[PDB]
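*Asks:* experimental structure and sequence below, a few questions after.
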Amino acid sequence: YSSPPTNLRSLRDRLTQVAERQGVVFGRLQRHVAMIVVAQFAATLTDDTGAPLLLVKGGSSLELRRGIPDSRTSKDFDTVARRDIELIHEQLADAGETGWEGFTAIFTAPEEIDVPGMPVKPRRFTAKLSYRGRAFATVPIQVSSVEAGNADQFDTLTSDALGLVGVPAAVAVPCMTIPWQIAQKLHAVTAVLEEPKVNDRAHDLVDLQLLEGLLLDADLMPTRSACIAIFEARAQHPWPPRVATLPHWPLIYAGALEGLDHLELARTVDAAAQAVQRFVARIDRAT
Ligand SMILES: [Mg+2]
Ligand SMILES: [Mg+2]
Ligand SMILES: [Mg+2]
């Protein structure tokens with residue numbers, strides 16, 4: 001494509017053409033662009049030394065690490081911020097009005113969410129995107145505070161999705177490194193929740209398998225330290241944990257596998273909880 005889309009209808013038609021070309025669902029690709037678009041806003045938030053203020057996290061980070069086909073499909077945009085929330089929101093809302101390649105975003109008010117082990121309760125808000133004056137997509141956003149050394153470093157991942165529909169701007173998203181993604185997700189999947197609510201995070205089992213695959217050999221001492229840091233800082237269940245399965249997880253885990261038949265994952269919730277438990281033990285042996 002020679003030029004960027006002239007309007008929203010063009011972008012929608014340019015995307016559905018690229019979606020069928022790459023063998024993915026249009027809605028999945030459309031949310032990817034929007035997710036990519038907010039990342040660009042978040043990337044422009046910086047401190048006095050040029051280092052980023054936000055680090056994307058969770059499902060959006062694994063999508064950028066393995067692409068659309070090899071990553072679980074989720075809608076949340078998770079971020080860890082090195083500054084306080086209303087300063088983050090003002091900066092995000094400031095970057096939205098300015099724009100990026102014709103994309104403008106207005107954000108909703110941040111709302112504190114119930115969190116058991118964080119002295120600074122993360123916040124949740126949404127960005128209503130538009131492309132040249134026409135509403136394009138709404139992305140749920142989540143921002144949480146720093147934890148030990150989880151924002152000390154960052155990976156810079158990229159995606160070519162917008163380069164396909166004629167928006168050639170270079171995408172570079174700062175991401176939380178995998179050792180801390182393993183620690184946070186390990187602590188979440190083995191979390192015992194107070195009576196009212198139950199831990200439904202069977203999907204984290206799938207991701208921990210993906211993150212283990214991305215780590216390859218490398219060295220698990222960084223991952224072990226991150227787990228030692230996260231489990232202690234939250235001061236709930238200790239380390240190492242036991243990957244317990246709950247009665248309603250078999251179907252939730254099967255839903256988390258949708259679209260990952262080509263991948264070498266455990267196809268059942270038990271074998272997955274066993275693989276993640278082997279991975280936990282493998283982390284705990286480090287020297
Ligand atoms: Mg949890
Ligand atoms: Mg593995
Ligand atoms: Mg079980």
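*Replies:* Yep, that arrived. Numbers count the residues shown, from 1 in each chain. Ligands and ions are numbered 1, 2, ... in the order given.
*Asks:* just give me the neighbour total for the residue in the chain that ligand 2 sits nearest to.
*Replies:* Using CB to the ion, residue 212 is the residue of the chain that sits closest to ligand 2, at 3.9 Å. From N, CA and C alone the C-beta is placed, and that goes for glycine too. Per other CB atoms under 10 Å, the neighbour tally for residue 212 reads 19.
*Asks:* just the element for the nearest residue to it once chain neighbours are set aside, please.
*Replies:* Among residues not flanking residue 212 along the chain, residue 279 sits closest, at 5.1 Å (CB to CB, 6 or more residues apart in numbering). Assigned by DSSP states H and E, residue 279 belongs to helix 269-284.
*Asks:* what about that helix, near ligand 2?
*Replies:* No - in terms of CB under 5 Å from the ion, no part of helix 269-284 sits within range of ligand 2; the closest distance is 6.4 Å.
*Asks:* partner strands of the lengthiest strand in the chain, with direction?
*Replies:* Secondary structure of the chain per DSSP state E: the longest strand is strand 135-145. With DSSP bridges as the criterion, the sheet partners recorded for strand 135-145 are strand 77-81 (parallel), strand 123-131 (antiparallel).
*Asks:* those strands: which one's closest to residue 188?
*Replies:* Residue 188 lies closest to strand 77-81 among those, at 11.3 Å (CB to CB).
*Asks:* only alpha carbons, please: show the closest one as CSV.
*Replies:* Written as CSV, here are the backbone C-alpha positions of strand 77-81 (Å, rounded to 0.1, in the frame of the first residue of the first chain):
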residue,chain,number,x,y,z
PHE,A,77,-4.2,-3.8,27.9
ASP,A,78,-2.1,-4.3,31.1
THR,A,79,0.6,-1.8,32.1
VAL,A,80,3.0,-1.2,35.0
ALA,A,81,3.7,2.4,35.7
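*Asks:* can you list contacts of it?
*Replies:* Strand 77-81 is contacted by residues 35, 38-39, 42, 53-61, 88, 139-147, 150-151, 176 when judged by CB atoms under 8 Å, 6 or more residues apart in numbering.
*Asks:* now stretch 90-100, how far from the centre of its chain.
*Replies:* Centre-to-centre, stretch 90-100 and its host chain are 21 Å apart (CA atoms, centre = their mean, to the nearest Å).
*Asks:* next: stretch 189-204.
*Replies:* 19 Å.
*Asks:* repeat for stretch 24-37
*Replies:* 14 Å.
*Asks:* which residues touch the residue of the stretch 1-150 of the chain found nearest ligand 1?
*Replies:* Closest contact between the stretch 1-150 of the chain and ligand 1, by CB to the ion, is at residue 116 (9.5 Å). Contact partners of residue 116, counting by CB under 8 Å, 6+ apart, are 194, 234, 236.
*Asks:* columns secondary structure and distance to residue 82 on top of the residues you listed, output as CSV?
*Replies:* Shown next, in CSV, are the contacts of residue 116 (DSSP: H, G, I helix; E, B strand; the rest coil; distance: CB to CB, whole Å):
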residue, secondary structure, distance to residue 82
194, coil, 29
234, helix, 19
236, coil, 24
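*Asks:* from those residues, pick the one nearest residue 155.
*Replies:* Of all these, residue 155 sits closest to residue 234, with 23.3 Å by CB to CB.
*Asks:* follow-up on the earlier one: name the helix or strand for the residue of the stretch 1-150 of the chain closest to ligand 1, please.
*Replies:* Element membership for residue 116, per DSSP H and E: none, as it lies in no helix or strand.
*Asks:* measure residue 259 to residue 161 for me?
*Replies:* Plainly put, residue 259 is 17 Å away from residue 161 if you go by CB to CB, to the nearest Å.
*Asks:* show me what counts as buried in the longest strand of the chain.
*Replies:* Buried residues in strand 135-145, counted by 16 or more other CB atoms under 10 Å: 136-137, 139, 141-145.
*Asks:* can you check stretch 144-158 too?
*Replies:* Buried, per 16+ other CB under 10 Å, within stretch 144-158: 144-145, 147-148, 150-151, 154-155, 157.
*Asks:* can you give me the end-to-end span of it?
*Replies:* 22 Å (CA to CA, to the nearest Å).
*Asks:* now it: how far from the chain's centre is it?
*Replies:* Its chain's average C-alpha position is 12 Å from that of stretch 144-158, according to CA atoms, centre = their mean.
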